[PDB]
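Would you mind keeping the following structure in view while I ask a few things?
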Amino acid sequence: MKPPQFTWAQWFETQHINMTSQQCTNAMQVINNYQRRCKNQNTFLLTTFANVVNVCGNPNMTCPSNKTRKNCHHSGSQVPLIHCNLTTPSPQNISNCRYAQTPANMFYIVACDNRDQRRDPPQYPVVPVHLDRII
């Protein structure tokens with residue numbers, strides 16, 4: 001579900017950090033134009049990539065979405081976030097998909113992995129790769 005020019009960390013940043021508009025309909029155009037389908041729902045955390053990287057330094061826990069993975073990490077604090085929900089599909093014309101937006105303040109659990117050796121910047125050896133749950 002990730003376009004080939006992205007590492008997992010870059011796709012995480014594109015889907016969950018870089019909300020290019022405060023309006024979900026506009027912000028989701030980026031994700032949808034890249035992945036070639038209107039995503040039914042998506043969460044943008046109102047935080048920085050660096051903050052999430054530091055959450056990767058919190059204790060490892062089981063990933064709620066996968067009882068077999070132990071590469072997840074719970075945020076220390078709640079953050080503001082915007083959850084986008086598709087209201088008007090448009091599979092033949094992705095730019096016309098419309099979304100609702102729901103603001104919330106919640107903790108987050110992210111899966112983190114070692115960076116992509118060839119393509120992720122050496123600045124961050126450990127990077128977030130999935131938004132597993134918001135709580």
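We did not get these values from a lab; they are worked out from the coordinates using the rules stated. Here the Cβ positions follow ideal geometry from the backbone for every residue, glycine too, while neighbour counts run over all protein chains shown.
Straight-line reach only, C-alpha to C-alpha below 17 angstrom: list the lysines that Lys2 could link to, leaving out same-chain residues fewer than 8 apart.
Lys39
Scan around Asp132 for amide H atoms under 5 Å from its own, H built in the peptide plane at 1.01 Å from N, and keep only partners 5 or more places away or cross-chain.
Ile109, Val110, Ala111
Further, regarding this structure: With 10 angstrom as the radius, rank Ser75, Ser65, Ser95 by how many other C-beta atoms surround their C-beta, starting from the fewest.
So the residues, fewest neighbours to most, are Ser95, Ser65, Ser75.
Tell me the angle of helix 24-35 to the major Cα principal axis of the chain, expressed in degrees between 0 and 90 and rounded to the nearest ten.
Approximately 80 degrees, to the nearest 10.
On to the next question. Show that you can apply the helix-only estimate: for the chain, add -39,500 (n - 2.57) for every DSSP H stretch of four or more residues, divide by all residues, and state [θ] at 222 nm to the nearest 500.
Using -39500 (n - 2.57) per qualifying helix, the result is -6000 deg cm²/dmol.
Related question: State to the nearest 20 debye the size of the charge dipole of the chain about its Cα centre, where the only charges are +1 on K and R beta carbons and -1 on D and E beta carbons.
It comes to approximately 340 debye.
Moving to a separate point now. For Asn71, enumerate residues with amide H under 5 Å from its amide H, sequence gap 5+ or separate chain, H modeled in the peptide plane.
Residues meeting the criterion, in which the H sits 1.01 Å from N, are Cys63.
Taking only the alpha carbons of the stretch 23-135, what extent do you get along each of the three principal axes, in Å, biggest first?
41, 34, 27
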